[PDB]
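Enquirer: So I've got this experimental structure, pasted below with the sequence.
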Amino acid sequence: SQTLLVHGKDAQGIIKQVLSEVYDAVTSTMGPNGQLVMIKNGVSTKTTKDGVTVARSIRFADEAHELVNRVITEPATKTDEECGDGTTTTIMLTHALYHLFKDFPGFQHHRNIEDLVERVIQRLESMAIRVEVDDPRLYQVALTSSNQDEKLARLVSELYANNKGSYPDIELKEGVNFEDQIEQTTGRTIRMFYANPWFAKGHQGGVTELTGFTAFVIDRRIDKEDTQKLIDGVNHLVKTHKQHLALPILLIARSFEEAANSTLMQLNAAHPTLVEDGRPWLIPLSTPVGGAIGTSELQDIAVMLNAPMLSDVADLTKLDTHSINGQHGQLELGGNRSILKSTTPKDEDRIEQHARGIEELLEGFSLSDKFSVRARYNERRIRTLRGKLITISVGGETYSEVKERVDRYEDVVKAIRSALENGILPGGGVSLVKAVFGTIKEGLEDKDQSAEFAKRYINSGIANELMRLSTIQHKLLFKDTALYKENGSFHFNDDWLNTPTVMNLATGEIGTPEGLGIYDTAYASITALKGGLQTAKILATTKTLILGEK
Amino acid sequence: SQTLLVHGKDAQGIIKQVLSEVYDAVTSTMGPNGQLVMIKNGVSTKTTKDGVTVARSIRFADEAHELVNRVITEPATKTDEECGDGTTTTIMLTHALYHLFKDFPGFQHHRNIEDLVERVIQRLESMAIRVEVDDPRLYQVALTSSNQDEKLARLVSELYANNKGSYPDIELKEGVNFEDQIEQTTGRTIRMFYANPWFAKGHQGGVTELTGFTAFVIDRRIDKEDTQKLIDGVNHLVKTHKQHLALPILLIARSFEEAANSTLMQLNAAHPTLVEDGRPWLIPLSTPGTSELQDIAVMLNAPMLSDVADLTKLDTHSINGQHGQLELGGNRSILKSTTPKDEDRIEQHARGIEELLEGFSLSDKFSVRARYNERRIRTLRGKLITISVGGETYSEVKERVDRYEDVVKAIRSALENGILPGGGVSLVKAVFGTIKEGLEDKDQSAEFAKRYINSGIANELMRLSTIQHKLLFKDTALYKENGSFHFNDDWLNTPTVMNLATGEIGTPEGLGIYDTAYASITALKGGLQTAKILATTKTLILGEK
Amino acid sequence: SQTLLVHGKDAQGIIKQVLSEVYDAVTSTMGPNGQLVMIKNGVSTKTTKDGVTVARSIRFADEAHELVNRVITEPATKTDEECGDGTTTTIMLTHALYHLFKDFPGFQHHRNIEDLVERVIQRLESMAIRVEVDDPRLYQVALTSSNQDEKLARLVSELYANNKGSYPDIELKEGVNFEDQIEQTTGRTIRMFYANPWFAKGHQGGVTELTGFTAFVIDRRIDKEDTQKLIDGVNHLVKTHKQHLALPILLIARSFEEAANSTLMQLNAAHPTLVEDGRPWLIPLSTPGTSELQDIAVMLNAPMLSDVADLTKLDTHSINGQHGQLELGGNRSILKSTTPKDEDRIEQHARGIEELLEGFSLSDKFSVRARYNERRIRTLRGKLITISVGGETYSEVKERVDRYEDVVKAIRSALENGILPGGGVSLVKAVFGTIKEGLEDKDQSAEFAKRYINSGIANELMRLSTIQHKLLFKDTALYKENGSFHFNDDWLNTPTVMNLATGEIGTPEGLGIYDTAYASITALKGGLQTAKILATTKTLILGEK
Ligand SMILES: Nc1ncnc2c1ncn2[C@@H]1O[C@H](COP(=O)(O)OP(=O)(O)OP(=O)(O)O)[C@@H](O)[C@H]1O
Ligand SMILES: Nc1ncnc2c1ncn2[C@@H]1O[C@H](COP(=O)(O)OP(=O)(O)OP(=O)(O)O)[C@@H](O)[C@H]1O
Ligand SMILES: Nc1ncnc2c1ncn2[C@@H]1O[C@H](COP(=O)(O)OP(=O)(O)O)[C@@H](O)[C@H]1O
Ligand SMILES: [K+]
Ligand SMILES: [K+]
Ligand SMILES: [Mg+2]
Ligand SMILES: [Mg+2]
């Protein structure tokens, strides 16, 4: 509050400082030989090595400093919410790339640094190694992500490897015993969830369990312009077609804005005769689809529940026993996601038939398009359709040791899911070195464009400096070890590039990441570089801080 | 609070400081190097490049400093509320002109600087290109504002060019398909809305749709002093003249205070025989400039009434109930079905407004008077369009929706506010021209030289117009060759800028870089006023009472 | 709040400081010649020698310091909640091992120090001496843990030795007389209690005493979703199978929510013919690890049932009503009369649990898994005893109650887990042994020397085990004046300590100085973990979000 507008040297100075402090703090936790961080919270101390936990909990006293800290940390926090891993690497690159931008100021270099790094990202995306559940490397991924758990990696790799032909959705509950206990189910993690907490059991976003329903899938996003179409629709079914109707009526759609949610709350109050044990007879259910990819996923939700597909909300009126079909199965609605369990063999014929239709669409398209987003999304549909819900109940000697073991399970599930989903890359901070050193040699060697490539990147000094960045992770991991010469030097020659040598920080043996089984998820380490670049550019190109509150 | 009256050197010192800090902050958000600003708000950080956002959110700790900051920033904030764009330019000039006033002190120079800049403003107003929808430059504007979208610019420029004779109001919805889909209507976004949520369908501010009505436009603001005139009025129509009357009865007015709204709720309860499906047969409708109601009157065939008591003395001559189609709303009402009988009455009324603008000065053509009258025309002759944007994902759609909305805003304000060549050029041409005109006119060249040229003002004012062009294209290849000293005659004839998106050099006309005239003119108008103020303040009072 | 992120040298500096201050404070209280600590609390002063009390009550003013203090002390506090003793030793090792980690930095040494100490832990677990109640050493343990109470050790050692064939559960009440008074029972403190006060005698949570019943153990937690399954279940037994049924019907389960409790109140009102002296014929009983219900099932001849709906499908085969004697209670239920027919079923079940532990790893013998299973055994076989401690005053009684409870905890864990020779010796033997084993085994001696001996670790780890023996017997006749004490082979074979009570020198085995193994092992286990943490922390965060 002494000064509320920082500009120029002063502002960048703060950014450089905050970035250095956050970098030093978070990167100290890297690998299994990561050092620890003690964190206050009222009257307790959390000791931890988890980058996402350290990053999220760092705080600065000065408003100006925290202002910047929020920009550095929120992108790290955004990685684990989506990718499930790789915040530390993001911050490390955010730092390293920031200094790269500053070392080559002037906003022609910036255009070039963006272009060069963007090409390095493509070379990672190509390097990505895709794998099947049978593959032995999934263990090695799980092992790396479980902080070297010889026990768990085996279990979860088996679960995936044993169900070859179906991709297991996994849940986690805090168990009771010292030993774990597994429960394999026919359930499906469906992507629908409550529009408003009021529609649940107890009217506060609880987990409503049902043994019968009548769903209807709408496509449109719903807002104040749909409130009348709902009133006409709902009362047309509850008046005319109440005979053949099992409650509740599920209205599954793209989005339910608050103007329409409050309309359907009063439509529930309109017919109090149909309320059983508090359960509202009508529930709006939203999905994070959107776009054309978004239409197909609702079609899956429609097929699983026997509900018809409807383009408009006004189509609710013109319906008949032909188009209305109320199921007597079993469904568990939830705020995060809904889950189906009881599926009559009558239904599973409809589902497997629908899944074959999707499989046939992929059988008749190009090999290049087989690795597209189109194909990958369609396989994401199949595995929703034919998914084997598993519930593991984790256990242990205490309460806290159980809840921590639950977290370590969830880390591994996230890792393995995204491994087969997205790809795996060789670890030990190597893939980035290969990706950069490669991207340089490709443009430097291509005679066609070598002319200008040299002018932009090599001759300017950028290319050289960008090679030195990829070394950072490999240095942070394996400085202060036998793999490095005492003075700190480590040569990244052609011989290294062909067979890159890392050290397993668990055992102590030296070897290749492929040989030693050290692997990273590709979506993490790619998103790390993508996000690192964006948020580095921001920091590097900010010249004004405003702490004015008004 | 240590001292509550600053006078003289001390006061100007504060002003110069605050102005410099605000100038440096806001002008840094212009260009290819154009820098960002990180802004606090409780427990969040807004990163932004938007001048109006930066200006509005700048704060100073010292009372004395913020006192001045309020004067510098409020005129920037006032530009985007009216013009829609151009705050950064206003502040830039406010700064540059302030120093001009201070470099030539003594209040004969000030009279001359005002006079000279006022003449430069006239030379801009003349330079203004009023662009019609047919014009090919609207594409080029849309193209620039769409980040070089070869596809969209075409579509939206066509939409505007294809409806020659009506100005399309455009809405945007997040669609479902990979492809976009357009829905054209003959509708008009009318400025009337519910006085009370009770009068809507379902009695809670919903969207009541109608296929017939009988409107009546009153002028007065309505409160507790009008409750009796309404009771006399409403029952006089519903009793005497019910035969020739389609429900509902719309009572459009300036303002309906809650004392009168509760009276009309009971007047609806008075005649329950006229209630169809819950729809109340009487709706009060308010509007946020007395002739905008005259437009609302003409669109719906309702008569204009000065007093509420005039409701009684009416006849079939003055009562006319429409059987069209109307969608009432809490934000705004929308008309759709318009019989060709009506659209003759509307187009005739629009011509009457157009004729009023044909017989008045060029300086007044950029007034609020003229601009408001054109706002009326486009309400009268408007066509509602709903585009549903689509794409392969969710985020790519919602981002494409934003890129559409940027283009609509640009094209609307382009034809609305008139177009000038961009790249900080038009000001250079306008100043360098104004000098050469007075310097070359032998009649008045005598005194013109004494006032402006010989004093040193003219020279220094040319140097100011260069500011924007410098701030944009310093640190680029366009200033690598010659440098700063090259605004020669050859430049003036074919002014050379750089498209900061692509990287190519060329004319603003060639490269499609254009500014709205009302923005860049208002910038200079406001910049001068608020520069004069700052330059001629010698006392700060932080006495709060 | 001056700074909210400490990193590197600064952070470790704080840790080293806080650890030293806590070490000096707590280790000063060691043994019976332990020095004292005066502790504030509002308007009082607790003088004490109790490590757990000192550790728990230490406070630091600086947030940064207490942040670390919480990490050092919570593991000490966690030992006495589980083990019943040995916090001081934990902290002492936490300190000593921390400095070991720091003396050999680089995280290959750390891997080796962990591996070496982990092997020393195994050598303790093997050294553990297991004891039966008849054994004379239980006295010697009790004597050590009772601060040399010649009177008490005898009593409690007799109580355990006299009930050879049953493990006495012991309670403590603040008595009235100068003399103590013992009350032996055959009973079993069972973990079941009333779900609702209404089901007791007098319908207000009283102590209902019975001489016959028919129990049924359900597993599920019960709520509004089980009310129908109960109505079907209860009436199926009371109608079909009433002949072979002694009232009341006990429904033992995990949890009874209020929705189900009110259902069973009306089911009691349904059959008023079965009400004897107010006693409701049906009582729901809750418990705060699914096999603890299996114990409750086996003690009362009731069957185990997974679902509430399983109540219907039952027969004389599965229904067995006892005619023993049971005292229900709001805190806990108590069994007394057990026909020798039953105690055959119970002892057989207890052997089944004992057999499960007999084929368990030695490391897992000190787990929570094993310790919980022994908690089951002692519920099953035990003879509840209530001692009422007495004395000359109030405070001398309540303090004598605490000294009893210390001894009970010690003796229980002694026979439960094992005993080790005291005087800070067993650790010296365990380390010096572990070295000589690996150093002497030709097979692995090659690499063993490279890792531990040649690096310097092994040497330094031998010097740590000496710490406790030094802290106890420095400043005594057993140590040479200058402070030197030689731990040669001759010492290792017959280790020489001093009884700090009497003053005589001799072996721990000879002088009767013994430690509980689970304490001194858990001390080293926890000491290593929390030393590693402290040694490998480089960042303190005092940020509140
Ligand atoms: N046993 C190992 N030997 C060598 N390198 C390893 C080993 N295990 C993991 N790594 C490497 O360490 C890095 C992983 O860092 P770390 O797990 O500390 O943070 P992160 O995975 O980036 O994100 P988070 O901190 O959220 O886990 C990767 O480069 C990985 O290849
Ligand atoms: N008469 C004695 N002579 C010599 N050493 C003894 C005697 N009695 C106890 N000790 C020793 O003192 C140590 C016990 O320390 P102390 O009881 O002060 O703390 P602790 O057992 O670690 O935990 P707590 O402080 O909670 O009791 C053991 O090494 C034990 O052998
Ligand atoms: N591609 C371009 N090349 C050259 N000049 C541009 C380009 N795009 C925008 N400009 C000019 O730079 C100015 C920057 O706008 P902005 O910083 O938002 O100022 P304001 O907030 O005052 O409108 C615009 O008013 C426009 O005249
Ligand atoms: K980590
Ligand atoms: K003690
Ligand atoms: Mg990792
Ligand atoms: Mg002790």
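Expert: Good, I have the coordinates. Residues are numbered from 1 along each chain as shown, chains lettered A, B, ... in the order given. Ligands and ions are numbered 1, 2, ... in the order given.

Enquirer: Using just helix, strand and coil, how would you label the residue of the stretch 351-500 of chain A found nearest ligand 3?
Expert: Relative to ligand 3, the nearest point of the stretch 351-500 of chain A is residue A:456 (22.2 Å; Cβ to the nearest ligand atom). (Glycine included, C-beta is placed from N, CA and C.) Under DSSP: H, G, I helix; E, B strand; the rest coil, residue A:456 falls in the helix class.

Enquirer: Next, the contact list for it, please.
Expert: By Cβ atoms under 8 Å, 6 or more residues apart in numbering or on different chains, the contact set of residue A:456 is A:112, A:115-116, A:462.

Enquirer: Try it again at 7 Å.
Expert: Counting by Cβ atoms under 7 Å, 6 or more residues apart in numbering or on different chains, residue A:456 touches residue A:112.

Enquirer: That one and residue A:126: what is the separation?
Expert: Distance from residue A:456 to residue A:126, counting by Cβ to Cβ, to the nearest Å: 22 Å.

Enquirer: Could you list the contact residues of chain A toward ligand 1?
Expert: Applying Cβ under 6 Å from any ligand atom, one finds that chain A approaches ligand 1 through A:29-32, A:34, A:51-52, A:85-89, A:144, A:427-429, A:473, A:477, A:502, A:504-506, A:518, A:520.

Enquirer: Narrow the residues you listed to those that are buried.
Expert: Buried members of the residues of chain A next to ligand 1, counted by 16 or more other Cβ atoms under 10 Å in any protein chain shown: A:29-31, A:34, A:51-52, A:85-89, A:144, A:427-429, A:473, A:477, A:502, A:504-506, A:518, A:520.

Enquirer: Now, these that are in strands?
Expert: Applying DSSP state E to those, the entries found in strands are A:502, A:520.

Enquirer: Count residues in the vicinity of the closest residue to residue A:211 other than its chain neighbours, would you?
Expert: With sequence-adjacent residues excluded and distances taken as Cβ to Cβ, 6 or more residues apart in numbering or on different chains, residue A:211 is closest to residue A:330, at 5.1 Å. Look at residue A:330: counted by other Cβ atoms under 10 Å in any protein chain shown, it has 16 neighbours.

Enquirer: do the same with residue A:113
Expert: Applying other Cβ under 10 Å, we find 25 residues neighbouring residue A:113.

Enquirer: Over to it: give its phi and psi.
Expert: Per-residue torsions, residue A:113: phi -60, psi -40 (degrees, to the nearest 10).

Enquirer: Now do the contacts for it.
Expert: The neighbours of residue A:113, taking Cβ under 7 Å, 6+ apart as the test, are A:100-101, A:104, A:462.

Enquirer: between those residues, which has the most around it?
Expert: The most crowded member of the contacts of residue A:113, judged by other Cβ under 10 Å, is residue A:100 (23 neighbours).

Enquirer: That one against residue A:465, yeah?
Expert: Yes - with contact defined as Cβ atoms under 7 Å, residue A:100 counts as touching residue A:465 (6.1 Å).

Enquirer: What is the burial count for residue A:231?
Expert: When neighbours are counted by other Cβ under 10 Å, residue A:231 comes out with 18.
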